[PDB]
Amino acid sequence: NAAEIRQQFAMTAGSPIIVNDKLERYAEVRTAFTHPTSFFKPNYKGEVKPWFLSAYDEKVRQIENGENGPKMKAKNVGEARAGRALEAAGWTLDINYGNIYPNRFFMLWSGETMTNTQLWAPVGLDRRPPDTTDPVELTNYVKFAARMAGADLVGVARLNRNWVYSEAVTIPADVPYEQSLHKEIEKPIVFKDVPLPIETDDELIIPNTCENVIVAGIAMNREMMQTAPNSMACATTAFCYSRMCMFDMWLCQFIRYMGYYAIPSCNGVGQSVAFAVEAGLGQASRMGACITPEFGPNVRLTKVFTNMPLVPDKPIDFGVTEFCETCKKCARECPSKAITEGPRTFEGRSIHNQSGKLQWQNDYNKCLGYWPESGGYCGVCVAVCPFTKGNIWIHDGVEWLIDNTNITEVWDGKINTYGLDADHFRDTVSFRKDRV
């Protein structure tokens, strides 16, 4: 069982991320998705375009010649398009691959204008002062709410401001969706003595009272992900981004209706993996993702920031670091050779990494480069990780221990609600005991 596993590998209170003096907050524009030097990539006819447009070309090409991925032939043209139809559908509740613009579209920093809030205004739940201030009872309430909202994993940590972007990528408040990509701007994220989260024309302002972050893990489908870098892997990625959006909205509304404020984020606002590691969901790995006991790295992350008093969870150490030191599988299988085979350092490999923190240093410009080549979001590194396999935790009597030992059949094979697997769904059952 998983509950015993997490208590068994609990650490003493603190932050597991080692930093030095050179650490500064990271500007979101530096990511490979947004940075000028990485944002444009050639398509297969050599034309230089935004990476996802170049990726769209490869998708249309593959469909036309009956492929499910880079020279992976499909059963027929029918199958090939059905995979991309599912992929595209999955993104229904996500803006521009990630929902990163703060206080725009689904990611509103206040609930006041939402249709839900207006409907319930007579009850006045979002104006009534909180009836609970006890962090223990609130931690239980909000974690129960989080599971209702579709989190497979959830944890709580104090907000480490090092991981919050210095400046967010966003769009001007009067720019309609259709013009968004053309008019992306940078906007500073600052902390001040104010009662509520507020956006000026100059700044995104988070109250100094914003003590806590709630991190959620949203499980991807194992069988679909292991078809990486082909289209079914893109499809499970896509559906979970929409599940991410649902989670943030659901949870923010709960937190507001309890009498607090809440800031959603999805892929924006801050660095997810760092928050997740500090909140005890898992450990950082060679590939760069947060690896969890339940799903390995085959899980998506999202985060909510709030002033609601809560109990920080303890970080976890179940041997990921030492195992990644020996295992080189993701690095060896990476089609673009983006993942380092060397040790951890404090020095960023390029503009895309945040310097001043001990991590494995990877070339994310090389990773992005492969996506127009394969016409997707790859995910081979996730697919091949031993932790992603599902039947790897064994009990030797005393302790719990880690035993350190096709698209058509996916469409024709096992599936269940939201792509969850009933063979392992017991691992994420929760009682109050494991909530606080």
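Each residue number is its position in the shown sequence, starting from 1.
Among the other entries of this protein that were compared (only those with both neighbours built), does residue 396 lack coordinates in at least a third?
Yes: coordinates for residue 396 absent from at least a third of the compared entries.
Given that the flanking residues are present, does residue 405 go without coordinates in at least a third of the other entries of this protein?
Other entries vs residue 405: at least a third skip it.
Please classify the coordinate gap between residue 405 and residue 406 in terms of deposited residues: none, 1 to 3, 4 to 9, or 10 or more.
The entry leaves 10 or more residues without coordinates here.
Looking at the entry, does 386 to 394 or 56 to 64 show the higher mean C-alpha B-factor?
Looking at the record's C-alpha B-factors, the answer is 386 to 394.
Output the stretch having the higher mean C-alpha B factor in the entry; the candidates are 30 to 38 and 395 to 403.
Comparing 30 to 38 with 395 to 403, the higher average CA B-factor belongs to 395 to 403.
Of the options 246, 263, 194, 232, which has the highest CA B factor as deposited?
Of the candidates given, the C-alpha B-factor peaks at 194.
Highest CA temperature factor in the entry: which of 282, 129, 98, 348?
Reading the PDB entry, the winner on C-alpha B-factor is 129.
If you rank the chain by CA B-factor, which third does residue 71 end up in: lowest, middle or highest?
Answer is highest: the recorded C-alpha B-factor places it there.
Taking the C-alpha B-factors as the PDB entry records them, is residue 250 in the lowest, middle or highest third of its chain?
Bottom third by C-alpha B-factor.
Taking the chain's C-alpha temperature factors as the reference, tell me which third residue 360 falls into: lowest, middle or highest.
Tercile = lowest for this residue's CA B-factor.
Thinking about Cα B factors across the chain, which third does residue 436 belong to?
It falls in the middle third of the chain.
Classify residue 305 as lowest, middle or highest third according to the C-alpha B-factor given in the PDB entry, relative to its own chain.
According to the entry, residue 305 has a C-alpha B-factor in the chain's lowest third.
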